[PDB]
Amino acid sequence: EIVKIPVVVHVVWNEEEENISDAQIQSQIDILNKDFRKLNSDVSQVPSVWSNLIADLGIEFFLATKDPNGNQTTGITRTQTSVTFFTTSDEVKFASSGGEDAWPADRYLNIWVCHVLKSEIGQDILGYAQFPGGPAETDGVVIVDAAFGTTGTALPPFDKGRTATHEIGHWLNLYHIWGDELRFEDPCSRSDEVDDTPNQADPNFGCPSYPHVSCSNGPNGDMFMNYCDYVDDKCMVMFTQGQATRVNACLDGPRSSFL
């Protein structure tokens, strides 16, 4: 019952250094294959209060060996671009906007890797995802190369492959653990729809000491070591069983083509 997800990594590079190595890309896949199988050793970092919640999502990934035409592929496309940064607007996902077109989203997880990503408001971001159900054309996840894999251009604290884990979590229908409140909303008001992830005010960054309480979720505090938080790679180490439920519903539903 392991879902094996073929991955295509679209390296979109402007400078040569952004044309990241296979080894860097491979190292990422290797991470995904730990994190999504609860085989990451740092799962030991899970607070004992939550140690029974940790999920094996039962998903593995591999770089596609056949391209959408059935030709052999390394599963990595490399596209030179004159674009200097991409944004959540998905310019990276189209050849026409200086990126690389998605492969069929029902058959591959598209991962675009580019050097710089900005949010709509121009904030530097590490990655972004498209949740299930969106158009195939932009389906997948984008991760900046410096936050991709565990070697090459990957730089701490985003050098343990967790940006992709986090974003693929979104790709698998998981929401930020803190519920993504808008600044004007009560920070305890929104839910990630997952019961076993404690109600959490805001994203955590860096690596909070446990417990990091918010939203009166003491004594245990935020499950900030959940991949759906914003903590540093080394700090997030788990999906919950409740998240697995969502992931399974994703795989059984919008993404059942992967089954």
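All residue numbers refer to positions in the sequence shown, first residue = 1.
Checked against the record, the higher mean CA B factor of 65-73 and 25-33 lies with 65-73. A summary of the deposited B-factors shows that, of 177-185 and 144-152, the stretch with the larger mean C-alpha value is 177-185. When the C-alpha B-factors of 59, 223, 55, 228 are ranked from the entry, the top spot goes to 55.
In the PDB entry, a CA B factor belonging to the lowest third of its chain's modelled residues is recorded for residue 168. Placement of the Cα temperature factor of residue 200 within the chain: lowest third of the modelled residues, per the deposited record. Ranked against the other modelled residues of its chain, the C-alpha B-factor of residue 158 as given in the entry falls in the middle third.
When all modelled residues of the chain are sorted by CA temperature factor, residue 249 is found within the highest third. Residue-level temperature factors show residue 120 in the highest third of its chain, judged at the C-alpha atom.
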